[PDB]
């Protein structure tokens, strides 16, 4: 069953007009993504803030195209120190953030290049590339430990400002969040353990799934599809990328989009509209 994201809704049902557009995209290799025209799609989307995951590209290797982005001139990049072809995240902002930080506690020694924190006037933005549990779940226990360290990190932000967490959280929360729930409950992304850790994230911090909060019963809405077996053509996918919002930000929430048609990766973009 294919899926068509509904039109963009740009006013917080309190009538206010959207003033902030954030796009998040796991690009599956930033240099590949750019050669497949990913940046052309970003220019059309014209977000205020762009968060990317799986850049897999040291900052010295960033294509020049990325420097002719005058609407996204404040750029922050993070790659792991042991694995230059894996992981890596980036945050690009029209306006300069008040503060930027990396990691979830000890990045100066555990240089993982998975998390960026950017503080703006009225909110704190986190973007994350959550560690994959691996084929055959070989890294599932590390993922569970990482999840708990992340929850405690987010909780323990010393800000009174509401939180926006976005990116590839690497779990389809509920059964509606992927096309084959049953044949996947022992696969990375849909174990009981990862689903539980997403559940605890929402409760402990606390946070709301912006998309599901708006479209609580809509099925077949995914953000990832394996390259194999033409899954994307058949919309056999998983919803792995999210905008999760502090409770206070919900009256500001105008919409949470899935940009199903944007190619260039095995994930598609997601976009948030906030009225601030």
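Residue numbers count along the first chain shown, from 1.
Here the stretch with the larger average CA B-factor, out of 212-220 and 244-252, is 244-252. Remark: stretch with higher mean C-alpha B factor among 164-172 and 70-78 is 70-78.
Of the candidates 143, 94, 155, 114, the deposited coordinates give 155 the top C-alpha B factor.
Within the listed group 108, 200, 194, 177, the record reports its top CA B-factor for 108. Residue 61: CA B factor lies in the highest third for its chain, per the PDB record. Residue-level temperature factors show residue 127 in the lowest third of its chain, judged at the C-alpha atom. Ranked within its chain, residue 86 lands in the highest third, by CA B factor from the PDB record.
When the modelled residues of the chain are ordered by their C-alpha B factor, residue 267 lands in the lowest third. Per the PDB record, residue ranking by Cα B-factor puts residue 46 in the lowest third of the chain.
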